[PDB]
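J.: There's a structure below that I have some questions on.
Cβ placement follows ideal geometry from the backbone for every residue including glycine, while neighbour counts extend to all protein chains displayed. Just so it is clear, none of the values below were taken in a lab; they were calculated from the coordinates.
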Ligand SMILES: [Cl-]
Ligand code: NI
């Protein structure tokens, strides 16, 4: 849900 | 900072209705738009992430759409459990930021407030204090204005007001207004008036009493 | 079972510091970002920042850089946020949360005040004398000058619910005040006894006030 984590 | 502008700030609808809420970002957020739902007990849940992906267990009546800078959350057929506070969050760039929120409410038929005024108790008076309280109960819609008068003169200092959230069962709102004075000032005047102005009537609902008269 | 456990409330003095805790369970938080968010009554939610437990990296909202310090205790799977130099502007509900597969704690209500524990004065509110002609009558109860929250208010020991409105407390001075109204058919009162029951746990008080004509 955020650009800096894997979703 | 990517600033989020959310609209509308409040929305009253009928159960079964389609409702749509928007969030506009300041600059491109590359689809990282999340929608959160908060209940009156403080509970917060993620509903949709990355613009349109439903989170675990979220019912299919919820959908999200948008791109670049313009995003929307749509509830197909509003259910009672959907009455809550909704807010967006951009996760496209640091720092993360939120929209200012949309409070949903159930629309109901208009209702005039029931107004009651209460003189200070003898127990308060014995302590040197004098609070006059006015209850404005079970009205709709939510906006209302209360004016206090002492011997026919408008009074603003010393007034505290409180408002309930929308009632769970009947969809009305209620409000309490308290004028707190010293006993000394209370005993110098005779007439105390609470006046309520609401959409249901062009003339104020006026309640009052005289300190001598019992 | 994917829970974030936070304490319900904290009370601290201005100038002091506080350490909010967020205990994770049902998952190991190592590779989840742990965020902190501030919510106040008429303001939009604010993001404070986030910490990644695996390597301790933090990303802060610069507005909170000198106010908040995020840390983690990996051995208890707990995230913390220390707030310093507290002012009344720091009074708010603070949430922790994880991401991705987001899940939020229930929030900690932080109150920053110098007020001392104080028991409420409870006063019965009877209708204006003269004669009320309605089929119903409204009575009330005014609870003034207490600290901290909360107070529990019931009518006839909880047997009278229905027709009851209890308003949210508001902060007159450094103390709280609330009120409650009860509406009953006119034939029930004053022939049947109606009393307001107020408890304030922090000052261990319990008071009953009968509404008398
Ligand atoms: Cl990062
Ligand atoms: Ni005067």
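J.: Based on the mean of other Cβ atoms within 10 Å per residue, sort peptides C:188-201, C:126-139 so the most packed one is first.
T.: For the peptides C:188-201, C:126-139, the packing ranking is C:188-201, C:126-139.
J.: Additional query: Quick check: the distance between the Cα centres of segment B:94-164 and segment C:65-126, to the nearest angstrom?
T.: 28
J.: Let me ask you something else. Relative contact order for segment B:109-211 using alpha-carbon pairs under 8 Å, separation at least 6, rounded to a whole percent? Show your work: numbers first, answer last.
T.: On the way: 223 pairs, mean separation 34.1, N = 103.
The normalised contact order for segment B:109-211 reaches 33 percent.
J.: Oh, and also: What full-extension length gain, to one decimal in nm, is calculated for residue C:66 and residue C:174 as 0.36 nm per residue of separation minus the Cα-Cα distance?
T.: Computed gain between residue C:66 and residue C:174 is 36.2 nm.
J.: Just for chain B, what percent of DSSP beta bridges are antiparallel, to the closest 5?
T.: Values: 67 of 71 bridges.
DSSP beta bridges in chain B are roughly 95 percent antiparallel.
J.: When the chain is fully extended, how far beyond the present Cα-Cα distance does residue B:185 get from residue B:202, taking 0.36 nm per residue of separation?
T.: My answer for the length gained is 2.9 nm.
J.: Next up: Below 8 Å, C-alpha to C-alpha, sequence gap of six or more: please give me the relative contact order for segment C:68-129 in percent.
T.: On the way: 54 pairs, mean separation 13.9, N = 62.
After rounding, I find 22 percent.
J.: Using Cα pairs under 8 angstrom and six or more residues apart, how large is the relative contact order of chain C, in percent?
T.: Numbers: 488 pairs, mean separation 39.8, N = 213.
Taking the mean separation of contacting Cα pairs over the length of chain C, I get 19 percent.
J.: For chain C, count the residues as N, evaluate 2.2 N^0.38 Å, and divide the Cα radius of gyration by that value, please.
T.: 1.34
J.: Would you mind ranking B:98, B:36 so that the residue whose beta carbon has the fewest other beta carbons within 10 Å leads the list?
T.: If I rank by nearby Cβ atoms, fewest first, I get B:98, B:36.
J.: Based on the Kirkwood radius over alpha-carbon pairs, what is the Stokes-Einstein translational diffusion coefficient of segment B:109-211 at 37 °C with 0.692 mPa s viscosity, in µm²/s?
T.: Taking Rh from Cα pairs, D becomes 231 µm²/s.
J.: Considering only DSSP beta bridges where both residues belong to the protein assembly as shown, give the percentage that are antiparallel (nearest 5). All intermediate terms of the calculation are to be shown ahead of the outcome.
T.: On the way: 134 of 142 bridges.
So the antiparallel bridges amount to about 95 percent of the total.
J.: Still on this structure, I have one more. Using square roots of five times the C-alpha gyration tensor eigenvalues, list the equivalent-ellipsoid semi-axes of segment B:1-108 in whole Å, biggest first.
T.: Values: eigenvalues 100, 38, 32 Å².
Over the Cα atoms of segment B:1-108, the ellipsoid semi-axes are 22, 14, 13 Å.
J.: For segment C:1-114, just run the numbers: alpha carbon Rg, then divide by 2.2 N^0.38 Å, N being how many residues it has. Write down the numbers at each step before the final one.
T.: On the way: Rg = 13.4 Å, N = 114, 2.2 N^0.38 = 13.3 Å.
This ratio for segment C:1-114 stands at 1.00.
J.: Another question, then. Restricting to DSSP H runs of at least four residues, report the calculated mean residue ellipticity at 222 nm for chain B, -39500 (n - 2.57) per run over all residues, nearest 500 deg cm²/dmol.
T.: Taken over chain B, the calculation gives -1000 deg cm²/dmol.
J.: Further, regarding this structure: Would you report the distance distribution of C-alpha pairs in the protein assembly as shown as whole percents per 20 angstrom bin, up to the bin with the largest distance?
T.: Histogram of Cα-Cα distances, whole percents per bin: 22, 48, 27, 3.
J.: Roughly how many nanometres apart are two label points built 7 Å out from the Cα toward the Cβ at residue C:89 and residue B:79?
T.: 4.3
J.: Within 10 Å, count the other beta carbons around each residue, average over each peptide in C:21-29, C:43-51, and list them highest first.
T.: With the highest mean Cβ count within 10 Å placed first, the list reads C:43-51, C:21-29.
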